[PDB]
Ligand SMILES: O=C(O)c1ccc(NS(=O)(=O)c2ccc(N3C(=O)c4ccccc4C3=O)cc2)cc1
Ligand SMILES: O=C(O)c1ccc(NS(=O)(=O)c2ccc(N3C(=O)c4ccccc4C3=O)cc2)cc1
Ligand SMILES: CCCCCCCCCCCCC/C=C/[C@H](O)[C@H](N)CO
Ligand SMILES: CCCCCCCCCCCCC/C=C/[C@H](O)[C@H](N)CO
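See the structure below:
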């Protein structure tokens, strides 16, 4: 009935059936080995691993299962480390980005299961590898961004086409400045993610609110982010929706005591985890080019 | 006094004497024999029987008896199977309809009791009989429609005359299209029940919400509907008011491997049940023609 | 004080001193000598 | 019923379990390879319908091989070709 | 408003039970669940049908009438100083269709009156706030013949006096039917014509029970007229409450044509769509 | 809204524990307190974070729309006798930015409607008090085509009739998302284009989920027109209630440009400041 | 009197409000109810009743009884679909005007498994096997049996039991789908194919009809009442 | 009815009010929540996360990634400051647009200790000692290490642990400071100096970068919610 | 004061309403009733009394 609450008290009574009608109630860490399926990663210069939001990937609990068909759980056939194409960190590099599960769409049986099913769910283990010498310097910020929406390149809002929004393993690169696409006849309809705006109109310095690690070449040569499935749904369409983005930004430029421009590679190795698929039918073949 | 109810609760108090003032509170089956009176029906190709709304016909309980005079219950003299005139199902047939008790008004002592009394009540056992060969095909939907109001044939609303609304055992037929009666001098004042509109402006496909059976010639040759008395009153005037309508629609057309147009008969056999009559006086003689 | 009455009940309270202020409460025989 | 596929029949002649042995997974007492196996379950253990053939008066018969006949059947085929065993 | 059954895990099936096959000829609907035909996981179902109860389905005020009245000099024969609206839900369509999903119904009824007014010209001064009288005239009570005749004394009729600018007026009535339920459909007549009666006798409209089943509302502006004409509309909103309904029916598919089930136009509701077109 | 830890007295330190030194490479924030690096006294802390709870942060009505309607003769084609506003918090910026501090949210929502009106000219008489209808049109319900078409019967849509001069109208809705939370950001498409489909097929806006996710509000003046034109604005104020939020994000730093994350102008927010200038 | 403070929303009229109001006819002697057969307590009860699907909405069949009949024949086997429709029970024209679709068109959101039943109305001497398939969305719509058999499906043997039911299980990313045509909450594709073929002996009709019915399963629910587009009025 | 008396404030609309209102969608079947990772319950949780400081807002560096980098080199020792800023976390341009500053700009008052972390991004072969100082206000701002070392300070040794944290303790006359530039609640001065110098061997970059981060300590709180100046809209 | 919200029907006058109103003559010394014969408590009591039927309504 009547609720008496401390403020000397005050009385609150709900006069309506629906709760929405209620008033607001104001009351060493360097050495690691990771094994998934038939794949293993060793590192001697890690900086510990970051479990995003302190939540390990997990399968859908019965209390949260939306679809009713028996799901597929390929386990080791898909929950394994796939190594993406290596990119080159140079002095002039502004950064790189990938989307998940997009980046893994062509990765063996994970990709097959992804495209054969209406619904897919997976966490990830992202392992960024970047080794240099004790005489190199530079720092990479590695950020795992839930719902990493990126800004387009045109005056038309939300106009980036599916093909450019889902580049696959190659990913994309941040730019140093915003260039407006003025070709009205054949618009690029591509992202224009500016680095200091973190590609979405927010200062890059604040991107550390996201789960992240820093590869500081004097300290570590790898970063490991363990990402749970993050979404507003227990399970979603992997082809329509990228749950995670990976952003790599050079926080401190690459440098090495030589006149010639040094370049070192960055390699991404990503393992889906707790993969779960529902809604089997004929294979989805997305439009490309 | 004050009602505390879960939504974290809410309090409801009725401030008015009358309940209307209160706020809304949101809280084998193929073989059968039927015997009634001196009449018996056998069937070897039934599809079970449908008791409309799962309610067997019953006499008026004392707790629901409106008229105070001692009722008449002829029992076997009236609660017996009467066989209506047989109709012919052809390829072109659009369907047939009857009204109850209207269809039985000339059926022996049931009709006599019906016309000698102001008030009458009865459930029914409707038995549709339609046999063909294993080389015939076709399907009849048999629907028992409470308050089966049918659309008229004129611009004047509700203009169908009593004589045409109560055709008797011959019943009427659904039409394939709506034809407006334009004869203003001598209007037909007849129904124009279109088949796909179920004769009342509702899609025939939805008529299955009503108690129904299907005579699928490959499966069964009869349908049995047991209809309780359905009305907004315990008892009503049988001459003024038809409690039930029977509609028979060819869901799948009659077909048979011959160039000549095949025709098979449909026979309705209807037994009043739990007949109860009140208000005896001189016999009602309805106007005809 | 508060009167709870059946209509599923309803509550009636009189707010005035005077009763008039109250709402309406809906609750042989042929032969004789004299 | 297997996976998302169902077969009904009204004119069967019972079913024959070959040699009276129902299919089963490899027991630990008989497992030769040591790597953790993949068991796609419903993604692969489901009814696939092959191309229909025509029985005529002159037909002499037909043959298929398993697993060969199913090699292009969705995720069963994918798993078949992605694995040594 | 009950919760829904959980989905149970179901594995492969190989048996003589065939839930997929049935016989719709019996008139029954095959009560299959997904686990009867496919492999299913365990799902703890949390959805409920709270908003599809009949009460929730009808728990909305629907506009059933727009009664227009005037405040003007009685010598102006064009103006209408009072209006009588026979009570019914069949002057509009939406609530009618919702109700006619069913054959019978019992409900209390909440009437809410939304009154709007406006000037008709600008060269005859202004007006003081109007008061409107809405008198229920049950069948048999005298109908007002003039905006100021004796009937407006309303000694026994219930009347609501509504002051313009106040929140919409509102009253409630219980189930007032003379039968045990309201009949949305009546397959019959008020009269049975008798043999020998002239053609002008025993004739009644098909499907009508009473010529006046629920009476009328008579609406007037109580104020004497200002030098300028004012027009007002009283919109009547019905809300069924404590609803019970019997014998569901297929909903109206073609436009209503009168208070009966008759149809004249729009007899082609379905659009064109290929048989093999998704 | 919890209280804060007291500061503990801390004296001189001479040891091998070095809380000052850390490694931000790990991705963690060094959880140091003043006593870790300086000598501190004992302080009984009395400050609390009651006003920075997410509920307190969002416990404000914010204007999300200004819906303009007219009361005028329907022959005046310039006047707009009804207006449809698609429901969203992205027509203004302030509430949008506050919400977009986070990636997901669940909340009930309180809508408050502040209605103002005025004359447009002075040579056509005066007006009686107006009543406004605000009808919620959930996705799929028919949108009004005219200010007085059948849709305004609102038999099933919720409508609020607001009398001018009354305190702002107010209603509440629960969390109505079809997902388990509202998504402030959606990195995906409504459609996946399929190989072989023409360029005009399978194309959808980046980041849009539904073409119509929460429906619209249709607003009209119920009154018939006075001889003079009246203009009204209905300001819609949203207040999230019972807020829960997930996955914090850096706040918008450059001006919003459309409903997406796109940016075009004002890409130089930071001002100039010397490195060694206090 | 008692100090009070009027809050926002005072004097408004919300058509969905649930308040008490004075009775205009006090002390009325209400007629008691009787036990009428067929009482309904939830609109979903109506959606759970099978109603015939106007599957064949061609130019010459729509708005006639023929729209309810899908013609099969005994031609040689083919993989081409017999019928195709989208799982949009409220907006697909073949489902919108069924009882299920009519009920859905009063609500904004729906969720749960659907139930499609097919009745074979050929002669008893006709035999055949059909395949009824549901492909959850996101891939190309099945245009031959080869693609359709990869999704959910039931192989229907036409025999003594002349009806077959395929349950379309609830498979959705969102916990509810919208009752409009919208790609984000698209439902998938329902198709029918010849498994073997229809075979008849001599002296038997070589063309017959099948009828389609749809209803809601017991896990089905709707929410967000709304006005339908299926009824309109004119001045 | 019950005698009532309307008080002042009746019929007003206070945008901060907390009243009940009627539900426009009664009996709605709300979708239950799921356990989404990363739930936030207090905005201070966000302020406690280290975010990079745009320390170098020169003409050529502002509004670029370069603004986040402060350049050190191996020149001879000097007492001149490396970087200087004011403890105005909401109004100092180098702090205003950090996550801490962004949160503060929604509030009028702030109190508590701040936490500045510096990350050395030179080569492993580079060594050096720096001094990071906080001078509570009221005296001349430290313009050389001699003055700065008299205030609160930490001497940072660049070694295997490449990051150093200096806690700016809460030292204020008032129990809260305003989130604007105001001398009465000024916060003091933060500066960095070379303690010894940066030393590198041959074949090593002689110029490197340090990155700055700021966050709030667990004793930090804010009050008096307000609209920020960091977002604006135009007609 | 106490937060209140005025509902529809406020300020109307329903002639069938049953509300309390202030007494215009407080503390009036009402004359007590006496036991008058022939008290009636229901109008049906009057309908149950036989009354003569004007059966013959001819012109004269
Ligand atoms: O504004 C809307 O709410 C409203 C607007 C349009 C609407 N539908 S309508 O088809 O335009 C329509 C328009 C008027 C009437 N109508 C009358 O003309 C009338 C006269 C007298 C009594 C009753 C009524 C009555 O219902 C009925 C329907 C309903 C309500
Ligand atoms: O007075 C203030 O409170 C108010 C004043 C200015 C303001 N910001 S604005 O940038 O001037 C602005 C001005 C108008 C609109 N706006 C429209 O023009 C409109 C049309 C139709 C629907 C919704 C809207 C809507 O938001 C949006 C923003 C917001 C509110
Ligand atoms: C101001 C007081 C007015 C009170 C008016 C009371 C009348 C109540 C009418 C309720 C309407 C019931 C709906 C109609 C039912 C069916 O159509 C009839 N049984 C057949 O005409
Ligand atoms: C008069 C009654 C009107 C009732 C209106 C109910 C609609 C409620 C809308 C709440 C707004 C939620 C905020 C939007 C969430 C995200 O943007 C969407 N998930 C993505 O579009």
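Protein chains in written order, with the authors' numbering: chain A, 2 to 8, 25 to 44, 79 to 340; chain B, 2 to 8, 25 to 44, 79 to 340; chain C, 2 to 8, 25 to 44, 79 to 85; chain D, 86 to 170; chain E, 24 to 301; chain F, 24 to 301; chain G, 1 to 235; chain H, 1 to 235; chain I, 1 to 60.
Idealized CB from N, CA, C, for every residue including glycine.
DSSP bridge partner residues for residue 265 of chain E (one or two, in chain order): For the purposes of this step, residue 265 of chain E is taken as the residue at position 242 of the fifth chain. Paired residue(s): none; residue 265 of chain E is not in a bridge.
Can you check whether the CB of residue 83 of chain E is closer than 9 Å to the CB of residue 252 of chain E? For the purposes of this step, residue 252 of chain E is taken as residue 229 along the fifth chain, with counting starting at 1. For the purposes of this step, residue 83 of chain E is taken as residue 60 along the fifth chain, with counting starting at 1. The answer is no: Cβ separation not under 9 Å.
Rank A:254, A:331, A:306 and A:283 by C-alpha distance to the C-alpha of residue 100 of chain H and give the top, closest one. Along the eighth chain, one-based indexing puts residue 100 of chain H at 100. Nearest option by C-alpha distance: A:254.
Can you list, in chain order, the residues of its chain whose CB lies under 6 Å from that of residue 89 of chain G, leaving out five sequence neighbours each side? The residue labelled residue 89 of chain G in the question sits at position 89 within the seventh chain. Within the same chain, residue 89 of chain G has close Cβ partners 95, 100, 101 and 104.
Quick check: is any heavy atom of ligand 1 less than 8 Å from the C-beta of residue 23 of chain H? Mapped onto the eighth chain, residue 23 of chain H falls at position 23. Result no, Cβ not under 8 Å from ligand 1.
Give me the pocket residues for ligand 1, defined as CB within less than 7 Å of any heavy atom, sorted by chain position. E:86, E:87, E:88, E:89, E:90, E:91, E:106, E:108, E:114, E:115, E:258, F:171, F:172, F:173, F:175, F:176, F:245, G:233, G:234 and G:235
Look at residue 211 of chain B and residue 231 of chain B and say whether their C-beta atoms are less than 9 Å apart. Mapped onto the second chain, residue 211 of chain B falls at position 160. Mapped onto the second chain, residue 231 of chain B falls at position 180. Not a contact, by the Cβ cut-off of 9 Å.
So which residues on chain A does residue 179 of chain F lean against when the C-beta distance must stay under 7 Å? Along the sixth chain, read from residue 1 onward, the residue named residue 179 of chain F stands at position 156. Correct list: empty, because the minimum Cβ distance to chain A is about 17 Å.
DSSP state of residue 295 of chain A mapped onto helix, strand, coil: As a working mapping, residue 295 of chain A is identified with position 244 in the first chain. Strand.
Coarse secondary structure for residue 123 of chain B, derived from DSSP in three states: Position 72 of the second chain, counted from the start, is the residue given in the question as residue 123 of chain B. Here residue 123 of chain B sits in strand by DSSP.
Cβ of residue 91 of chain D within 9 Å of Cβ of residue 155 of chain G? What you label residue 91 of chain D is simply residue 6 of the fourth chain in a count that begins at 1. What you label residue 155 of chain G is simply residue 155 of the seventh chain in a count that begins at 1. Cβ distance < 9 Å, so residue 91 of chain D and residue 155 of chain G count as in contact.
Hey, would you say residue 85 of chain E sits closer than 9 Å to residue 108 of chain E, going by beta carbons? Translated into positions along the fifth chain, residue 85 of chain E becomes position 62. Translated into positions along the fifth chain, residue 108 of chain E becomes position 85. Annotated as distal: residue 85 of chain E and residue 108 of chain E, with beta-carbon spacing of 9 Å or more.
Taking only beta-carbon positions, decide if residue 49 of chain E is within less than 9 Å of chain B. Sequence index remark: in the fifth chain, residue 49 of chain E carries index 26 (1-based). Yes, contact with chain B.
Could you tell me if the beta carbon of residue 202 of chain F falls within a distance shorter than 8 Å of some heavy atom in ligand 4? For the purposes of this step, residue 202 of chain F is taken as residue 179 along the sixth chain, with counting starting at 1. It does: the Cβ of residue 202 of chain F is within 8 Å (strictly closer) of some heavy atom of ligand 4.
Starting from residue 121 of chain F, follow the beta strand (DSSP E) in both directions and report where the run begins and ends. By one-based count along the sixth chain, residue 121 of chain F stands at place 98. Element bounds for residue 121 of chain F: not the beta strand (DSSP E) but the alpha helix (DSSP H), 117-123.
Could you check what DSSP says for residue 195 of chain B in three-state terms: helix, strand or coil? Here residue 195 of chain B refers to the residue found at position 144 when the second chain is read from its first residue. Of the three classes helix, strand and coil, the one that applies to residue 195 of chain B here is strand, per DSSP.
Any chain E beta carbon closer than 9 Å to residue 336 of chain A: Position 285 of the first chain, counting from 1, holds the residue named residue 336 of chain A. False, the Cβ-Cβ gap to chain E never drops below 9 Å.
Cα separation between residue 94 of chain E and residue 254 of chain E? Stepping through the fifth chain from its first residue, residue 94 of chain E is reached at position 71. Stepping through the fifth chain from its first residue, residue 254 of chain E is reached at position 231. Residue 94 of chain E and residue 254 of chain E: Cα-Cα distance of roughly 6 Å.
Would you call the stretch 260-271 of chain B and the stretch 186-199 of chain B in contact, with 3 or more CB pairs under 8 Å? With a cut-off of 8 Å, the stretch 186-199 of chain B and the stretch 260-271 of chain B count as touching, because enough Cβ pairs lie within range.
Strictly below 9 Å CB to CB, what residues from chain B border residue 26 of chain A? For this step, residue 26 of chain A is matched to residue 9 along the first chain. For a Cβ distance threshold of 9 Å, nothing in chain B lies close to residue 26 of chain A: the least Cβ distance comes to about 18 Å.
Segment limits, beta strand (DSSP E) that includes residue 4 of chain C: The residue given as residue 4 of chain C occupies position 3 in the third chain. Taken as a continuous stretch (DSSP letters only), the beta strand (DSSP E) holding residue 4 of chain C covers 4-7.
At least one CB of chain E closer than 9 Å to the CB of residue 117 of chain A: is that the case? If you number the first chain from 1, residue 117 of chain A lands on position 66. It does; some Cβ of chain E falls within 9 Å.
Where DSSP assigns a beta bridge to residue 2 of chain I, which residues make up the other side? What you label residue 2 of chain I is simply residue 2 of the ninth chain in a count that begins at 1. Paired residues: G:4.
At least three beta-carbon pairs within less than 8 Å, the stretch 209-228 of chain H to the stretch 142-158 of chain E: no
I'd like the list of long-range same chain contacts for residue 243 of chain A, defined as Cβ closer than 7 Å, with 5 residues on each side in sequence excluded. To locate residue 243 of chain A, count along the first chain from 1; it is residue 192. Only 202, 203, 204, 226, 229 and 230 meet the Cβ criterion.
Boundaries (first-last residue) of the beta strand (DSSP E) holding residue 107 of chain G: Numbered from its first residue, the seventh chain carries residue 107 of chain G at position 107. Boundaries of the beta strand (DSSP E) around residue 107 of chain G: 107-111.
Interface flag, residue 69 of chain E vs chain H, CB-CB below 9 Å: On the fifth chain, residue 69 of chain E is found 46 positions in, with the first residue counted as 1. With 9 Å as the cut-off, residue 69 of chain E counts as an interface residue toward chain H.
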